[PDB]
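These notes concern the structure reproduced below.
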Amino acid sequence: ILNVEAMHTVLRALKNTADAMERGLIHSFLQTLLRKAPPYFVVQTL
Amino acid sequence: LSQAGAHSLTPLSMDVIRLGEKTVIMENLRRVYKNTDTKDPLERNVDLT
Amino acid sequence: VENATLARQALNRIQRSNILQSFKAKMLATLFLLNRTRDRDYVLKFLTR
Amino acid sequence: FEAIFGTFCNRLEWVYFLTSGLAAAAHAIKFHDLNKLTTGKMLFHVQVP
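Dropping the structure here:
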């Protein structure tokens, strides 16, 4: 059962790793968007 | 740079809105951030003096 | 659910202070529903919340 | 004389646990030897995103 538990652990760890990498790419994309975005009043004045 | 993404499409459901010939996607991000450890960067702190 | 926190997440001082401020606001703000108001959309938004 | 008409018993309205909606609240399993347990705790293999 130890090989079963190790395989289950490493597969759920790699799946969580891939999904967290996708979430982090979403987060860094949103960070770059909110960095490169002036608010409403700036562009409304412009 | 626009030579990327040809011949690849799929249908998917997400809500649109109609604002004077401008059709805009509307989408919130609680589903990507519930049970997480980082605060969502749309939750901002703003200072006022 | 209004402030992003769970059981395993540690809490700072000012975060718990805002928790208690929202306690003091919401215990008086929504103590009784059918005693104060009878708007349909407010009770619907309450049950949705 | 005096008349005694038809006597009336109370026809009891029955009720069951799985008929009401509260059985939609829980997931009830039936155990055959529940008195033998000292204690049993349920584990949660919970991942965190």
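Here the protein sequences line up with chains Z, L, S and P, keeping their order. Position in the first sequence (first residue = 1) + 150 = the authors' numbering. Position in the second sequence (first residue = 1) + 343 = the authors' numbering. Position in the third sequence (first residue = 1) + 196 = the authors' numbering. Position in the fourth sequence (first residue = 1) + 49 = the authors' numbering. Backbone N, C-alpha and C fix where the C-beta goes; we use that ideal spot for every residue, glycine too.
Establish whether the CB of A206 of chain S and some CB of chain L are separated by less than 8 Å.
-> Closer than 8 Å: no.
Just the C-alpha distance for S351 of chain L and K186 of chain Z, rounded to the nearest angstrom, thanks.
-> About 29 Å.
Checking contacts by CB at 8 Å: is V367 of chain L closer than that to chain Z?
-> Not an interface residue.
Roughly how many angstroms lie between the CA atoms of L184 of chain Z and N388 of chain L, to the nearest whole one?
-> Going from the Cα of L184 of chain Z to the Cα of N388 of chain L covers about 13 Å.
Residues sharing a beta bridge with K365 of chain L, DSSP | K365 of chain L pairs with L:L362.
Proximal residues, the region 161 to 173 of chain Z versus chain P, C-beta separation under 8 Å | If you check each beta-carbon in the region 161 to 173 of chain Z against every beta-carbon of chain P, the ones closer than 8 Å belong to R162, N166, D169, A170, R173.
Between the CA atoms of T201 of chain S and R173 of chain Z - distance to the nearest angstrom = Between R173 of chain Z and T201 of chain S, the C-alpha separation is close to 19 Å.
State the start and end residues of the unbroken alpha helix (DSSP H) segment that holds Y65 of chain P.
-> Premise fails: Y65 of chain P is in no alpha helix (DSSP H) and is neither H nor E.
Residues of the region 181 to 196 of chain Z whose Cβ lies closer than 8 Å to any Cβ of chain L, in chain order | Per Cβ criterion, the list reads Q181, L184.
Tell me, to the nearest whole angstrom, how far the beta carbon of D383 of chain L is from that of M369 of chain L; I am working on the premise that it is less than 8 Å.
-> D383 of chain L to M369 of chain L, Cβ: 16 Å. No contact.
Three CB pairs or more closer than 8 Å across the region 158 to 173 of chain Z and the region 82 to 98 of chain P = Contact between the region 158 to 173 of chain Z and the region 82 to 98 of chain P is present, because at least three Cβ pairs lie under 8 Å.
Run through DSSP, which three-state label would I176 of chain Z get?
-> Note: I176 of chain Z maps to helix in three-state DSSP.
Through-space distance from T167 of chain Z to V154 of chain Z, alpha-carbon basis = Each residue's Cα considered, the two are about 20 Å apart.
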